[PDB]
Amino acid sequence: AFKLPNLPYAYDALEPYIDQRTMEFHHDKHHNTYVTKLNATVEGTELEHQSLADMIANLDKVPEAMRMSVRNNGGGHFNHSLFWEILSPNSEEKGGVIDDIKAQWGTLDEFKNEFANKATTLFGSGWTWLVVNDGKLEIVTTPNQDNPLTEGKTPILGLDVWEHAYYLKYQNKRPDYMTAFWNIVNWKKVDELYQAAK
């Protein structure tokens, strides 16, 4: 069975960038619901012993009756699990991934400007991702709980821009949430995922 992972930090560790109350709802309610529904779909099937990353990457091979729930609930579990691991109370812009971002975008600010533009223009619910595509870095968005793995791209950083991720503190001000996020990126984790994928 899939399990709700513990947060790597206290619920208030990301203040004042993400509020404690949002971390509690987001993890204990939203993410938990995706795990519950994913397990209800795969329990007693071949997919109960398939890796989450493999079923997301190969969603087209998931049996038709199960595919929407694996896409939505499996995507929810995969995306939130990644999200908690790429946040940290002490974000420092260090690691090979920063050199390779600078190499691709010229400056870290040019990278952040593209990421923020894509995150702020995403219409409805979804995610903004930094991915590795055949050894090259790209920023992409996905709707709802869709994940770039399904399109053959490995995610190493994601921002959740579902309104539940930011509404209690920021309400409509998604751009202020985006600005806050740079203060709490776990670049140690992003670099680990990059070095494994590149």
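So that there is no doubt, residue numbering starts at 1 and follows the sequence shown.
Taking the mean C-alpha B-factor of each stretch as recorded, 77-85 and 96-104 are not equal, and the higher mean is that of 96-104. When the mean C-alpha temperature factors of 60-68 and 139-147 are read from the deposited coordinates, 60-68 comes out higher.
In the PDB entry, a CA B factor belonging to the middle third of its chain's modelled residues is recorded for residue 42.
Residue 13: CA B factor in the highest third of modelled residues in this chain (values from the PDB entry). Remark: residue 133 belongs to the highest third of its chain, ranked by C-alpha B-factor as recorded.
In this PDB entry, the Cα temperature factor of residue 117 sits in the middle third of its chain's modelled residues.
Split the chain's modelled residues into thirds by C-alpha temperature factor. Residue 163 is in the lowest one.
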